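> Got a structure here, written out as structure tokens. Questions coming.
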Ligand SMILES: *[C@@H]1O[C@H](CO)[C@@H](O[C@@H]2O[C@H](CO)[C@@H](O[C@@H]3O[C@H](CO[C@H]4O[C@H](CO)[C@@H](O)[C@H](O[C@H]5O[C@H](CO)[C@@H](O)[C@H](O)[C@@H]5O)[C@@H]4O)[C@@H](O)[C@H](O[C@H]4O[C@H](CO)[C@@H](O)[C@H](O)[C@@H]4O[C@H]4O[C@H](CO)[C@@H](O)[C@H](O)[C@@H]4O)[C@@H]3O)[C@H](O)[C@H]2NC(C)=O)[C@H](O)[C@H]1NC(C)=O
Ligand SMILES: *[C@@H]1O[C@H](CO)[C@@H](O[C@@H]2O[C@H](CO)[C@@H](O[C@@H]3O[C@H](CO[C@H]4O[C@H](CO)[C@@H](O)[C@H](O)[C@@H]4O)[C@@H](O)[C@H](O[C@H]4O[C@H](CO)[C@@H](O)[C@H](O)[C@@H]4O)[C@@H]3O)[C@H](O)[C@H]2NC(C)=O)[C@H](O)[C@H]1NC(C)=O
Ligand SMILES: *[C@@H]1O[C@H](CO)[C@@H](O[C@@H]2O[C@H](CO)[C@@H](O)[C@H](O)[C@H]2NC(C)=O)[C@H](O)[C@H]1NC(C)=O
Ligand SMILES: *[C@@H]1O[C@H](CO)[C@@H](O)[C@H](O)[C@H]1NC(C)=O
Ligand SMILES: *[C@@H]1O[C@H](CO)[C@@H](O)[C@H](O)[C@H]1NC(C)=O
Ligand SMILES: *[C@@H]1O[C@H](CO)[C@@H](O)[C@H](O)[C@H]1NC(C)=O
Ligand SMILES: *[C@@H]1O[C@H](CO)[C@@H](O)[C@H](O)[C@H]1NC(C)=O
Ligand SMILES: *[C@@H]1O[C@H](CO)[C@@H](O)[C@H](O)[C@H]1NC(C)=O
Ligand SMILES: *[C@@H]1O[C@H](CO)[C@@H](O)[C@H](O)[C@H]1NC(C)=O
């Protein structure tokens, strides 16, 4: 079959710069069977490029596609504010399956900003219900790549946390991430130290926000 | 005006099945195949299958769904259909239908082109065992572990509700600067949960009242949570 | 001297003026008579590239047969996307006649004469003609009927065998008669076709051997159509103006490749309510005419579809397609392309 690879995962440019997105085809398909799509949250995918290099009507001219048959490129000549989204390439005919690529997120360039790290102990109202949720907040950071590590009495937690990230703020171009560590009331009362270890490009050393039960 | 209209959102139990319709309008329905694609939370689009609406109505499905998914088309009513059985937690996504020339016709100016150019508005399929449940709002209290150089962070934990969505405001809408309401994550329990936080000056923690207002239209639940320093 | 180009063609036929058969009536006003002196000129040491799957001559013939069917087979009730049309539906004489496709002034038709030509790529023996041969507009599914035969070996035709979303056209080199009949008299729509099972399984074994040459000697397996309208899940065709639907699971019997020498009898049904091959909707016709409805046809090709996902698998599955009637004209127009002088 065909395996699609897109690089980079995140492409970070300023509004007005040129964008070049790579889509790699493992076995390499006919140039008529490579399409590009733009996806904004809440809206259906939007066909930007079909047949490697063609544009459907109503697609601005700044969007341009090219490809050799096994390597494909989507070019945005001048990045407009509405162009910051996720872009997928798709095997449109050489399937089946008509596989979509993993996707490339085009976000707004910015100087590196370290996250403001906050930790929130669980409330007594929630503790009385039998569940304990410990929230760690990474506030206003850039770039998007952030590593959150929960430590309960210096024990690395793994599969009992969930991350949620806001969309890139339109004003300062920063992200905000929440990490919630959920435990039962019994396990929570057994341990004392609860820490949140953050790894980000803006921090020289990993910042630890901790408290004792 | 080329358009595709899908049926409304549905909530199904695990093991049940769902059928979504896709009504065409504004174009010649026989001239285009119809694909079905879904998008789950935090995941790229997944191609489910296509219907050869103009060449016998046969369908080709994705390998990971063959045996579970079924598609067909009626030309006189200009409707395409999709049925997915044995619904699991992973099947929770927004399901789309789209038209495509699929190289069948050399349309003028474009040739034997391939491309899903027109899409339906999408159908939200929520696979869960939970019933309509209101949220329980817990405070994210600000303190020493929540202050850092003049600014302080506080918020609300909106946990254990179903289904989506909840709307969160602060101080009845008078507080927006510094607010970050996070997308809800479907917990393993089948109930959604999210947090809404806001950064305020640390000096205002002793003079200003901060109340998050949670509304859950499905359960008709409205909660105002006053968040105090801990 | 010439280059590839697309232009509007015109048709030529031997349609008699007083015939009531409806292919004649259409061709008498839509085509000119046949040139009694066909001139073919062989090009010395000329190599041309053909592509039967991107050939505009097929689009033009499809638009002709659509026009020919709108004039001839008007149904009692037409259902096409929220427009119900009630109309008169008279029984007609319907026997396809050969249609020649000719080129206007300034253009000419290059014909490929390579006996092993598969449909795409270079052709070593090219000639120049003004018209194609007589192509009958036989509308059918699963089995190509009444067409021409390959001149040497069986030919597998496909725009891309690696692409499972592309139809495969098998071109036989030995015709196998299929004899379908509605007996004259409980069920007026019960019918059956008869095929020499000895002659068919001998040919069907040869197409599996030819497919093995294209798929690394893997095990070739046949399977019935997986879904869709009855026009594609059955061998669909028209006889005496009556639309037949025949089950062909006995025609693709993997075990026969040994009680296979007998006569294969396919259970058929004549349907009044059909799905129009034009893809435009449903059409209801009058009940079948009285008497013995019989058609004897040449099986000259098979329309196939291959199941993907056989990468690490040591076998390939093939099912009968397919409801794209433009593939039917490609089975005869594959050796032709239009060039401008
Ligand atoms: C309709 O089409 C089908 C195909 O779909 C035709 O059947 C095919 O017929 C062709 C010949 O026209 C056969 O191709 C030849 O195969 C020769 C080797 O085949 C042997 O092994 C295969 C399996 O590997 C066996 O299946 C064959 O046995 C069966 O068939 C033979 C007769 O073909 C019977 O006698 C047996 O009892 C079996 O039934 C064989 O055992 C192959 O050598 C030959 O290639 C040479 O000749 C061709 C020209 O014909 C040259 O282009 C090529 O270069 C070769 O020439 C070399 O060798 C010669 C001397 O041998 C030298 O002089 C040359 O210099 C050069 O070195 C050819 O490929 C094909 O196997 C067969 N397939 C099937 C499934 O039957 C039908 O005949 C056809 N019907 C009609 C009515 O048209
Ligand atoms: C593949 O190709 C083959 C050969 O071309 C086709 O076989 C033909 O099949 C058609 C029927 O579909 C046959 O047509 C029939 O001809 C009969 C003979 O009529 C002639 O001879 C009589 C006297 O013997 C004369 O009176 C008459 O004028 C003709 O000269 C007709 O009797 C049949 O018509 C009967 O039924 C029709 C309606 O069903 C009535 O309108 C008629 O009045 C009459 O009752 C019929 O027309 C034709 O003969 C076959 N050809 C050959 C060479 O034998 C296959 O059909 C074709 N397959 C496909 C799928 O197209
Ligand atoms: C039809 O025959 C042509 C050759 O006449 C085949 O074309 C070859 O295609 C392969 C790639 O699959 C190329 O590497 C060769 O160079 C081509 N040969 C040429 C140009 O002479 C074509 O693949 C055949 N198609 C089918 C369906 O059999
Ligand atoms: C056939 O399709 C496969 C993938 O579906 C592709 O790799 C190959 O290049 C195609 N061949 C042609 C001639 O287009
Ligand atoms: C070339 O084509 C002509 C016309 O079909 C044919 O008569 C002749 O035998 C062919 N010759 C060769 C060498 O292919
Ligand atoms: C059927 O095929 C044979 C050759 O096998 C041919 O001589 C005959 O004319 C064909 N009949 C029709 C009706 O095409
Ligand atoms: C077709 O079959 C009928 C009997 O079903 C028979 O009378 C007729 O002679 C057959 N025709 C041919 C050409 O075999
Ligand atoms: C065709 O006939 C076989 C048995 O001969 C049967 O199993 C199959 O269901 C039939 N197909 C259709 C579409 O009726
Ligand atoms: C296939 O042929 C065998 C005999 O060779 C027969 O027993 C079997 O019923 C046939 N199957 C079908 C589906 O026709």
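> Scan the range B:23-51 for residues that are within 14 Å of chain C (Cβ to nearest Cβ) and part of a strand (DSSP E or B) and jot them down.
B:23, B:24, B:25, B:33, B:34, B:35, B:47, B:49, B:50, B:51
> Residues being within 13 Å of the chain's Cα centre (by Cα) and crowded, with 24+ Cβ neighbours inside 10 Å: count how many of those fall in the range B:26-51.
1
> What about residue A:28, is it in contact with a helix residue (DSSP H, G or I) (Cβ under 9 Å, 6 or more places away or on another chain), away from ligand 1 (no atom under 16 Å from the Cβ) and not in a strand (DSSP E or B)?
no
> How about the range B:166-190: which of its residues are away from chain A (no Cβ under 11 Å), in a loop (DSSP other than H, G, I, E, B) and surrounded by fewer than 24 Cβ atoms within 10 Å (Cβ to Cβ)?
B:174, B:176, B:190
> Note down all Cβ pairs under 7 Å where the first residue falls in the range C:200-228 and is within 16 Å of ligand 7 (Cβ to nearest atom), the second is not in a loop (DSSP other than H, G, I, E, B), and they're at least six residues apart or on different chains.
From residues that are within 16 Å of ligand 7 (Cβ to nearest atom), the pairs are C:200/C:176; C:200/C:264.
> Test each condition in (1) within 19 Å of residue C:144 (Cβ to Cβ); (2) touching a strand residue (DSSP E or B) at 6+ places or on another chain (Cβ under 6 Å); (3) surrounded by 19 or more Cβ atoms within 10 Å (Cβ to Cβ) for residue C:199 and report the one that comes out false.
Unmet condition: (3).
> Quick one: residue A:155 ticks every box in (1) touching a strand residue (DSSP E or B) at 6+ places or on another chain (Cβ under 9 Å); (2) within 26 Å of residue B:194 (Cα to Cα); (3) more than 7 Å from every other protein chain (Cβ to nearest Cβ); (4) surrounded by fewer than 20 Cβ atoms within 10 Å (Cβ to Cβ) bar one, so which box is it?
Going through (1) touching a strand residue (DSSP E or B) at 6+ places or on another chain (Cβ under 9 Å); (2) within 26 Å of residue B:194 (Cα to Cα); (3) more than 7 Å from every other protein chain (Cβ to nearest Cβ); (4) surrounded by fewer than 20 Cβ atoms within 10 Å (Cβ to Cβ) one by one, residue A:155 breaks only (1).
> Enumerate the strands (runs of 3 or more DSSP E) found wholly within the range C:281-341, keeping only those where 1 or more residues are within 14 Å of ligand 2 (Cβ to nearest atom).
C:293-306
> Restricting the search to the range C:256-286, which residues are touching a helix residue (DSSP H, G or I) at 6+ places or on another chain (Cβ under 8 Å) and surrounded by fewer than 15 Cβ atoms within 10 Å (Cβ to Cβ)?
Within the range C:256-286, C:261, C:262, C:263 meet the criteria.
> Shifting gears a bit: Considering the range C:161-176 alone, what residues qualify as being out of contact with any helix residue (DSSP H, G or I) (no Cβ under 8 Å at 6 or more places or on another chain) and either within 16 Å of ligand 7 (Cβ to nearest atom) or at positive phi (or both)?
The answer is C:175, and nothing else.
> Would you mind telling me which numbered condition in (1) within 14 Å of another protein chain (Cβ to nearest Cβ); (2) more than 16 Å from ligand 2 (Cβ to nearest atom) residue C:141 fails?
Here residue C:141 meets the rest and fails (2).
> Filter the range C:298-307 for residues that are out of contact with any helix residue (DSSP H, G or I) (no Cβ under 8 Å at 6 or more places or on another chain) and within 13 Å of chain B (Cβ to nearest Cβ) and give the result.
Those that are out of contact with any helix residue (DSSP H, G or I) (no Cβ under 8 Å at 6 or more places or on another chain) and within 13 Å of chain B (Cβ to nearest Cβ): C:305, C:306, C:307.
> While we're on this one: Cβ-Cβ under 8 Å, sequence separation 6+ or interchain: first residue in the range C:230-243 and closer than 13 Å to residue C:142 by Cα and within 14 Å of chain B (Cβ to nearest Cβ), partner within 16 Å of ligand 7 (Cβ to nearest atom) and outside any strand (DSSP E or B). Which pairs?
none
> Name the residue that is surrounded by the fewest Cβ atoms within 10 Å (Cβ to Cβ), counting only residues in the range C:38-64 that are out of contact with any helix residue (DSSP H, G or I) (no Cβ under 8 Å at 6 or more places or on another chain) and under 30 Å from residue C:88 (Cα atoms).
C:63
> In the range C:218-226, is there at least one residue being within 16 Å of ligand 2 (Cβ to nearest atom), within 14 Å of chain B (Cβ to nearest Cβ) and in contact with a helix residue (DSSP H, G or I) (Cβ under 7 Å, 6 or more places away or on another chain)?
No: zero hits.
> For the range C:124-156, enumerate the residues that are within 16 Å of ligand 4 (Cβ to nearest atom) and buried (at least 22 other Cβ atoms within 10 Å of the Cβ).
none
No value in this document is a laboratory result; all are computed from the given coordinates. Cβ sites come from the backbone with ideal geometry, for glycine too, and all protein chains shown count toward neighbours.
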